[PDB]
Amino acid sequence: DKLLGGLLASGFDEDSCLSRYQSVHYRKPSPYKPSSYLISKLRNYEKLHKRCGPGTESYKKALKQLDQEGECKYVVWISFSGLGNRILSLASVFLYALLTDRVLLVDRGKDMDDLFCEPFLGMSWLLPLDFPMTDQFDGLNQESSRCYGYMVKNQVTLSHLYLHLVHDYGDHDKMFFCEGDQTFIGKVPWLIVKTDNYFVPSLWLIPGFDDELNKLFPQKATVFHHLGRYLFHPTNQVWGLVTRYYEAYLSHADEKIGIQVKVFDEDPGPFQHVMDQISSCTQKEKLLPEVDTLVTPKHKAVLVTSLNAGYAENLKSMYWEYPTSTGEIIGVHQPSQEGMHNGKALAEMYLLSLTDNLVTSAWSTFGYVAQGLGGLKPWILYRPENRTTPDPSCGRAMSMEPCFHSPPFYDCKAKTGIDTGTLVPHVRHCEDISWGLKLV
């Protein structure tokens, strides 16, 4: 089913975004049926967006509200940070638009236009190029006059509010995640957000939001799985990088393994500890077979994405040099070694997402998107310390979701510090970065 259990709206033009509909030629159908309520929510959201979207008479009238202090309200995402982050933060702001009956508009920035097709049937998601406040986006931060957190800090009705939700955000910026301040913010027609985190899990802890979030997602850990596949379709340019790598190197395997390598160090390596970690991970989980020194089969292909190439070479040369214990036929394959960039990094994510089993590196938003769109619950390569291969080398994700790296820890009722990862069974601390949070 090319509309994804009904997640996607039929009627888009096939040739201008090939990936949208002919993705089902390349991926096994997802196990995760999106609920009836999520569906309606999206179909209803596209009526809002057509009704209030850029270029309508309702969008023109609303723009004058930026001076003279309103049926359409808006959240504006600003393009900021690495591609992994911008995908996760953008799905976040879109869930948030859903919860607050707003229109999402997207600062195209340098490249968003080039990377992604239009996800909303009948009408562009892109912020116009003449939107008056675009010159301020670089500068908007924690100390800007209309920053919600600067205002709560310094006790201060508004046409527009800036919401600073970047990882270095403070105690007052974080009040965004409270019911009280949401009631306030609820009234403001224009919201400009800049953000580099997957902030979805803290929305489940806001009351009101949590009812609707339960109704939309009966299987709670499907938020980015459905919202990602809804929103983000690669352009023809990027899609062809996907199809041509998949076609040339991966379509003849009985099984595909993905291995997403990120190493957090200012030396590119490669590192023996990390190679060691990857083989122990893959072997100890029966993901890839062992090899024998002193000596009707299946073909596995291993897709290795990384910046240094010698993680893939090592595996490639091991499996060329030595026969597998099981007699399985292994081929290792790395697209790029970057040391058309973001078109590439994008394709590689989507490629990772077509594998049957994925290994991810701890902390990488690159992993989270790949597992995210795959509907894949990874085995996570844990974060090293002192150039030592951790032991155990990896473990299975509690679930497929991305991880909220910089969450708030406030009890809004009681007005005090709290561990927000020990309030409800579905919001747990992360496996990879224990400080962060995620839906399980």
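Counting begins at 1, following the sequence as shown.
- The modelled chain breaks after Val156 and resumes at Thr157, leaving 4 to 9 residues of the deposited sequence without coordinates.
- The stretch 244 to 252 shows the higher mean C-alpha B-factor when 244 to 252 is compared against 365 to 373 in the entry.
- Relative to its counterpart among 201 to 209 and 143 to 151, 143 to 151 has the higher mean temperature factor, C-alpha atoms as listed in the PDB entry.
- The PDB entry gives the largest Cα B-factor of the residues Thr326, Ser336, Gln260, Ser81 to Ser336.
- Within the listed group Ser399, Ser406, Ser58, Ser393, the record reports its top CA B-factor for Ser58.
- Annotation for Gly228: C-alpha temperature factor in the lowest third relative to the rest of the modelled chain, per the entry.
- Ranked by C-alpha B-factor against the other modelled residues of its chain, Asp432 falls in the lowest third.
- Ranked by Cα temperature factor within the chain, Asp356 sits in the lowest third according to the deposited record.
- Split the chain's modelled residues into thirds by C-alpha temperature factor. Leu66 is in the highest one.
- For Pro297, the recorded CA B-factor ranks within the highest third of the chain. Only modelled residues enter the ranking.
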